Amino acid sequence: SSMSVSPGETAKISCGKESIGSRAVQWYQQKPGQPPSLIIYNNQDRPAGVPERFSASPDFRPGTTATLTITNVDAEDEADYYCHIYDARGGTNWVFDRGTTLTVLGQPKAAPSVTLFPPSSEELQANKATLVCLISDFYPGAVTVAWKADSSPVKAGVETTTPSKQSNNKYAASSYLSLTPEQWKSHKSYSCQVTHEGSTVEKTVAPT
């Protein structure tokens, strides 16, 4: 989940599904290279040390969603946010639910550069095949990646890395697709489709 705002502004974040019974909710913040730290407990209470710009919603009735608010956003608010839910009727969760990845902008936005390589004849003699999709220079640091054959979805046989930070504060990533030589020959094209922020880029290769 991804979100961006400018310094000085206000962020609103939802988490988890709607309530069934009475609730007790905890919120957690996590910066790059750090363990999580605690910011709200018991729905609306604030541990000592935590600034007053952070606040959350009390539990009043069934049918509602947990929500967190940050007023006057500072650059040091850039982080991942998680919640942990206890519900009298739905039971105890053992995994934290997701809020969002939050970026506090200091630069213009930038679309990804993408390059796509067919499998070499060297590799084909070895009875193997691999497609390689390389993605560089995007900001902010989140994208999704989809593979397509002729005009059909793929899904099975894909591996994709997390984003990582280049030395000019932009991001990069990679995706791979594994094929049998017979599969590579028995279709007409293959595509790699990359989505940044509701916009999509696409590259395509052929056996010929």
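Residue positions are given as counts along the sequence shown, with the first one as 1.
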| task | Report the stretch with the higher mean CA temperature factor, choosing between 148-156 and 57-65 on the basis of the entry. | result | 148-156
| Do the CA atoms of 174-182 or those of 159-167 have the higher mean B-factor in the entry? | 174-182
| task | For the C-alpha B-factor as written in the entry, point me to the maximum among 122, 97, 80, 74. | result | 122
| query | Whose CA atom has the top B-factor in the entry, of 10, 189, 22, 14? | reply | 189
| query | How does residue 126 rank on Cα B-factor within its chain, lowest, middle or highest third? | reply | middle
| task | Could you say whether, by C-alpha temperature factor, residue 101 belongs to the lowest, middle or highest third of its chain? | result | lowest
| field | Where the record places residue 201 (Cα B-factor, split into thirds across the chain) | value | highest
| remark: Of the three thirds of the chain ranked by Cα temperature factor, residue 141 occupies the lowest
| said: Test of reading the entry: by CA B factor among the chain's modelled residues, which third contains residue 47? | reply: middle
